[PDB]
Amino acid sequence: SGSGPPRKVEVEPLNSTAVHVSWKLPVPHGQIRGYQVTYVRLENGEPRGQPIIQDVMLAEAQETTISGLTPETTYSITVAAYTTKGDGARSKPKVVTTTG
């Protein structure tokens, strides 16, 4: 509502407990104050447990590392901007599974 989604979200695995998430600026709305990276464990494709929100509270932000993940575990990741007119649209989920 406050903005379109972050564009070209990418996930790069780092190790069995961490992945690197990056994105491009939403299409130029409210003014961007930061980004909300949300991830949730999936079990057989279904979300399980509370989603975890990692705030990246720089308007210039375009990346963050999610760490403390469990090995051999599947996660669904979305990104949304925080704006002066409320949350932006969330990106479509990107789903990855950590190595062993």
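Numbering starts at 1 and runs along the sequence shown.
Visitor: Neighbours in the displayed sequence, residue 28 and residue 29 may still hide a gap; how many deposited residues lack coordinates there, none, 1 to 3, 4 to 9, or 10 or more?
Guide: In the deposited sequence, 1 to 3 residues between these two have no coordinates.
Visitor: I need to verify one thing: averaged over C-alpha atoms only, is the B-factor higher for 1-9 or for 90-98?
Guide: Per the PDB entry, the higher value belongs to 1-9.
Visitor: Please compare 40-48 with 57-65 and name the stretch with the higher mean C-alpha B-factor in the deposited structure.
Guide: Looking at the record's C-alpha B-factors, the answer is 57-65.
Visitor: Once the chain's modelled residues are ordered by C-alpha B factor and cut into thirds, is residue 15 in the lowest, middle or highest one?
Guide: For residue 15, whose C-alpha B-factor we compare with every modelled residue in the chain, the answer is the middle third.
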